[PDB]
Ligand SMILES: [K+]
Ligand SMILES: [K+]
Ligand SMILES: [K+]
Ligand SMILES: [K+]
Ligand SMILES: [K+]
Ligand SMILES: [K+]
Ligand SMILES: [K+]
Ligand SMILES: [K+]
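Residue numbers (my numbering), protein chains in the order written: chain A, 48 to 536; chain B, 48 to 536; chain C, 48 to 536; chain D, 48 to 536.
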């Protein structure tokens, strides 16, 4: 393998798993074996919980500003090591260096930095009842929480989950995707180097159906935060609920609508649509994979999309000039190609792409060309179902209410956006769209201040923003009686 | 039966169920049938959801103050009908008229009154990103939500759940316990009279295993709020999660500790201990059913409890002078009796009652005498398990830290209280107790302003307070891009 | 004297002034003497304060909800007597019944109703410092506060000032404009009748120079809320500050800009411009009295404004069909006529109006015709100074930056607005305008939820919204030390 | 002079004043002239204002996180230079190195650090009105603000004022007391070094006799933040209000009561009393200079107080072992000795101290002995008036209500404290004390999170805590009309 065997991270150091088993992590660009990685056993989970329990106490006993300084130091190290972490994330994900260097660690660290500053701002309430009684609330740490990560933005997700959890005084046990375990382990090292107490951020590697479930089932874990696909999230949430009634946050999939109204500048609209479909090779949960264009503008829009797609630079993710890499894995590629075949079979018109790229060195990896289908219909499989690949579906509409009705006609509801220059239309339409993440005249930006998450089957709870911090604490109400107590007995 | 057959409440009127089936609600004071009540069918649930979908739109389309006024009118009607409703509640629950007339509706309306005034205060956030871009959030209604009630405080719980739900612009379908269906239907009538649009508060009667489950499963319901036992809670939360990923609130059971410190006045202590154990005949989720007393004070304390318990006026709930009624149902009495026997079997010392009361008329009702066990041990079944009856377990401790640790040694975490006159000890101890509802030198008061709910397996989320109003809305983030859009492609 | 002599309102009833002096309130519609009004002496002020001090204790002694119900009761009475109060305001101000019936009491009561619902929501904070210490804050009433009203919206202003003050648990002493004393006295009666404790809302009539100054000087008054001209506002603030360091809030004058952008609908633009200049006969502080029109639209815009101005129904305020009445007083009419002459003298082109209306019975009243000046320059007196009458100044511009700089080029900064259909321009321009009250594609609406007040010379602090309620309490921080205390000595 | 001539700080460097005038700053330990210091001219104030106007634009055009990082960098430098700055502050104030090294810069930077983390948290509101219209608020910088510091904690106060001002995106022109100008100039160098843009923190030297008044009266300054005596505050606020209606925050003087209740540990109570009177040689606004002791304990309390006072280590501030330094200046010494005379003259019993210490070297300094008067009475000049020196007044009382009533009988209201072990009495008592800063069983701690400031003539507005940050922004409300506009004309 390229790297030495990856071990569990428990108690501020690497420790040996006790399962006797390992798995491999593969570079999607060339099929290379990056590392053997240990599978945590059930007993290893137990060890991580007890470690977390004890570390959480040390961490909560500090002052708010002491925690803040430690998380800020972690931010400082992340900025220093951005490029090195990016290179590793590229190996592990297949995503272009041009993305990992500018987005993944940058925005992951942005959120850690945001919450680090907010630690001292976590406050309870005080309410007077009468002269002889008042109540005050405490926002106490939950204690030990678990994060379960997805493979498309490994370290960024580890950061978005751990930042609020640690800032609120918790310990987090994090399980990266079996598909992408490498950067999560580096994060844990960096937390320790920053002065995060032993046990406060532990990492367990392995599968979702095993280690994931052992975490969601454990009676001492008070909250689960999960990122991934909707069907998986239902299982995770059921398990977290029936085991011990955990609090849960779910960031799931979607089939987000992008509505281009007739007064839109078509260049901006095309720029938005491509960015909404082909960043990270189309492997972004919030992608605008149903693009609605007015009948009167279909041809010109298509021409603009085509021009942009034809100049997309698919290639070796190691090459800085690349802006479009392979998919995360061969099995994911096969899934995407199946959707592409479905699109052809159901008679959607292929505007461009539609196949795997195998020329030269690309045969070694899992490269699917940026793909655009048009003349789509709402009942098509590619229009209804999340593909999580570089596959745009263009849909013609005739009026605004129709476009909106159709955009809303889905069990998903993660994101939505509109392109228009009209003041009234922009807000009116966005207010009617049933999604948690709404963009006007742009797409994809997810500022640390902005709470993000899904409506409907696209999520439970939110991430980022002030409010999320609050959801990593639990409220204790304390009523102080200063007067007499009356009994009816 | 005493009353006519109770029908479903859908769309601002009573409609016939389509199950062809009924159940009986039984006066626990005398075993008589109060009414036959229709069971909702699966198609009845579907009917109620479509009704709520349409009503919610009418409700949400009004202004904040319009909703506020309508809810305040409901409050006025409730105050008007306090005694009448208290009478119906007494029949249905067996609870003394002296409780229902002054607690149930009073505090139910209190919470509704609280939220009615807060409708105009529900706000989003605005966050500038840069000169050319900013974000605002909207707190939109979830849409259709469902409440599932417990039998100990039927109309109160229906009010605590429906108030924040409707104030936040939602429609609620509410399912009363099969045990106590009567007052919920009355509430529905009152809401309609008050001007609540048709379909905004619908009531479905029947069993949890059927209608309850049909509600937690339905794809169009966005949130479930449940009150009941932890065991049932787990199944309800699992179902709500895995079906369509609904948001959930769970107000569950407990085994709440009351720690009496040496410096406490033992009169207040005894008053608190008894109030925390025998009000509503011991059928309060937050009851302090593990009472910790210092060894040096056990004797004097037991004497004060006994004296108090011996003057408790058990009797007919219709008699204004009764302050201790029968239990809610015969099967429930049997369950409590079993627990009492377990106490006897496990060699806890009986100090009080410990048997059914059959003297004369009481033989026709489900009466259990106020019961105190002392000399208990943490391993006894009556100490580890929720009884939900008039059964106090007195436990002896030798030091503060020991007491606090043993109080925390439970999977429950609903309530906790201390009795002490020392400034430092009151706050110090309370901060260390793992429960969401904490009382100092008092017990039982639950002001509308105070967020209440459980730690650990005692619940998920909270009710009442400013915070709960927020959790009946979904956050939508809107990024407005006023400037150029950059694409990497 | 159509009405009897008006006395002071102290301690829940009318009482005799000890000044031996009175003044007359007129009726600008004809010349009538509506009534004689007592002048408060310095001793009456002292008396109103002691009354306020004792009433405030009673008011504050109540529960949040108790205060809430009482203020809600007052709202109910105000809705009942809307038309009656309106008729009285119409006599006392000259404002058309059409306005006073639909605006003055309606929106005055809106604000009171908004705040009544919010009483229970006033809360402090809780901040943990460390295991052995935490702090909580209380928001306590200031105590006794004073409101000084303006004459353009007498009862609405009394309501906007008293509502938040009373809701936060204070007593207010209110001083109406000498010009318009009548409706304030009625409001006092209405409060008392609703259950407001004696002394909590007292009314003192007389001059600003005297009783106004006596209020701002009193060492027992904790806060002053003032509405009027900027010149007077300066005097008032200096007095309130230098005497006893009172908290202060001031809503003052303006010369608010309205920018019509070249993409605007001219019908809407003209509607907005006329509404922004001629409602209440041009006696609104927030009026858009500098109207910027793009050169390309000037001719079409002037035509559209003229057509609307010419159909303005000036007339008897008593007639339901009147929508434009006399000014508030003859002296004020003279001031307006002076400004109008200034405009003529400096060679502004007169588009319409420009003189007193004396035909028929109108000659008995203080009627100035709807006046529009065009071809204005920024250094004209009518463009530079607040006229507070029916006089619109139209200013041509060539580009956005120019219009914005000019709009900002003033010591005022109360309000501003833009008319445009472009999403980007609407928000971009509004963000650059230096005013506290900004309207996009509308003008004049002032929701109870919306904080309003001026930038620069146009005011200090705000009215309405959640923020204003907070500013009628004072913050007390309480640090609870539960551990050891350390001295360096 | 020990140092070279001190210049003005404008635009990120030192510049020559244009007054032709200088003043001296004197080491109060030895009468040594530390430095000549230039006096800003009126044209210099103008120059600083124009510099701030331009710097503020650069500062406010950065992102929130950019501002945050720059303030965090200033924090790091302050931590680095803590001892160096402490040494210089000791020279300037005469305060013991043991104080300046552990309090002044530490707690100054604590507040800056606190606010640095909060920059991204400053948000507006969003309020929906109806489907076709909503409002959002912006929290915009005030622009240019002025801070006016006191001489007792020169650099700490400079930090406490500039931190929230800069965090909220303003520029601040700061005027240190002529008595202590040195460290503020260093602070300005440090901000510049951290990356604060030129003009954002400017420092002008001079006195309240000239530059103080030029700052407060300046038309382009939007807010004044002032710390000093109530008498001076009154003048300042009159000027700020009447010149251009500035917002004003004032932290003024006090005569803060410390109530020792009969159940208190007299050792703690004594520790508290001495800490509350002799830290910084009694030069602390919040000092508990009226100490209420119950008659039954007077004797014992005076003994413990005397015992502690006698072991106070008065001496050279340059010596680490010193914990009690000279006063800040010889004129201030004269003022204090005057009050001590008044004490003697009004026949209060002198328990200890009461004179200038002139032994050996101390003769060359401004040392006043730790002084305690007892058997005091409420009409005594030393009891009503702020001395701002080492002069404790002990007062006997008989019952609880009396102590409280007397503690509240003052025009002051800055701080208050109670010592007691009783839960009920602690909260009860503190809730009735009319002060903004209340301590239970401790004294003097002022956490960055705790809003602090005075009731009554002791201050206007607050410093520190979340709420203070909001007060360095101004609210703009924006109503967006998406629907039709309705005109009555
Ligand atoms: K991999
Ligand atoms: K959901
Ligand atoms: K029943
Ligand atoms: K839980
Ligand atoms: K009049
Ligand atoms: K101002
Ligand atoms: K000095
Ligand atoms: K004050």
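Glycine residues also receive a C-beta, built at the ideal position from the N, C-alpha and C atoms.
### Query
Between which two residues does the alpha helix (DSSP H) carrying residue 129 of chain C extend?
129–140
### Query
So is residue 531 of chain B in contact with chain D if we call contact Cβ pairs under 9 Å?
No - not a single Cβ of chain D is within 9 Å of the one on residue 531 of chain B.
### Task
Indicate whether residue 207 of chain B and residue 528 of chain A have their beta-carbon atoms separated by less than 9 Å.
no
### Query
So which residues of chain A does residue 539 of chain C contact, with C-beta pairs closer than 8 Å?
Nothing in the structure corresponds to residue 539 of chain C, since chain C is present only between 48 and 536.
### Inter-residue spacing [alpha-carbon to alpha-carbon] between residue 404 of chain A and residue 153 of chain A
Looking at the two C-alpha atoms, the distance is approximately 30 Å.
### Query
Beta-carbon separation of residue 331 of chain A and residue 271 of chain A under 9 Å?
no
### Task
Please confirm whether any heavy atom of ligand 1 lies closer than 8 Å to the CB of residue 199 of chain A.
no
### Query
Say the cut is 8 Å; is the CB of residue 293 of chain D nearer than that to a heavy atom of ligand 6?
yes
### Neighbourhood of residue 245 of chain D by C-beta distance below 6 Å, restricted to the same chain and skipping five residues each side
58, 59 and 102
### Query
Looking at chain C, which residues of the stretch 92–117 of chain B have a Cβ within less than 9 Å of any of its Cβ atoms?
111, 112, 115 and 116
### Task
Can you check the stretch 462–523 of chain D for any alpha helix (DSSP H) of at least 4 residues that lies completely inside it and give the ranges in chain order?
Those alpha helix (DSSP H) runs which fall completely within the stretch 462–523 of chain D and span 4+ residues are 470–479 and 512–517.
### Task
Helix, strand or coil for residue 149 of chain C, going by three-state DSSP, please let me know.
helix
### Query
How about residue 316 of chain B and residue 273 of chain B: do their beta carbons lie closer than 9 Å?
no
#### Entry: Among C/392, C/482 and C/149, nearest to residue 526 of chain D - alpha-carbon criterion
C/482
### Message
Tell me which residues of the stretch 337–367 of chain A have at least one Cβ-Cβ distance to chain D shorter than 7 Å, keeping chain order.
### Response
none
#### Entry: Per DSSP, cross-strand counterpart(s) of residue 223 of chain A
Answer by DSSP bridge pairing: none, since residue 223 of chain A is not bridged.
### Task
Just mark residue 368 of chain D as buried or exposed, buried being the case when its beta carbon has 16 or more other beta carbons within 10 Å.
Classification for residue 368 of chain D: exposed.
#### Entry: For residue 122 of chain C and residue 113 of chain B, the rounded distance between their alpha carbons
Distance between the alpha carbons of residue 113 of chain B and residue 122 of chain C: 14 Å.
### Task
Could you check how far apart the C-beta atoms of residue 281 of chain A and residue 288 of chain B are, in whole angstroms? I think they sit under 8 Å.
7 Å
### Query
Helix, strand or coil: which one does DSSP assign to residue 370 of chain B?
Of the three classes helix, strand and coil, the one that applies to residue 370 of chain B here is coil, per DSSP.
#### Entry: Coil, strand or helix - residue 236 of chain B by DSSP
helix
### Query
chain D beta carbons: is any one of them nearer than 9 Å to that of residue 119 of chain A?
Yes, because at least one Cβ of chain D sits closer than 9 Å to the Cβ of residue 119 of chain A.
### One or two residues paired with residue 248 of chain B in a DSSP bridge
B/219
### Task
Tell me whether residue 72 of chain D sits in a helix, a strand or coil according to DSSP, three-state version.
strand
### Query
What residues of chain A sit near residue 447 of chain D, judged by a beta carbon separation below 9 Å?
Proximity of chain A to residue 447 of chain D at the Cβ level (cut-off 9 Å) is not reached, the minimal Cβ distance being about 13 Å.
### Message
Residues of the stretch 144–172 of chain C in Cβ contact with chain A at a cutoff of 7 Å, in chain order, please.
### Response
170, 171 and 172
### Query
What is the residue span of the beta strand (DSSP E) that residue 409 of chain A lies within?
Segment: none, residue 409 of chain A is in no beta strand (DSSP E) and carries neither H nor E.
### Message
Contact between the stretch 93–102 of chain B and the stretch 160–176 of chain B is defined here as three or more beta-carbon pairs at a separation below 8 Å; is this criterion met?
### Response
A contact between stretches requires three or more CB pairs, one per stretch, nearer than 8 Å, and the stretch 93–102 of chain B fails this requirement with the stretch 160–176 of chain B.
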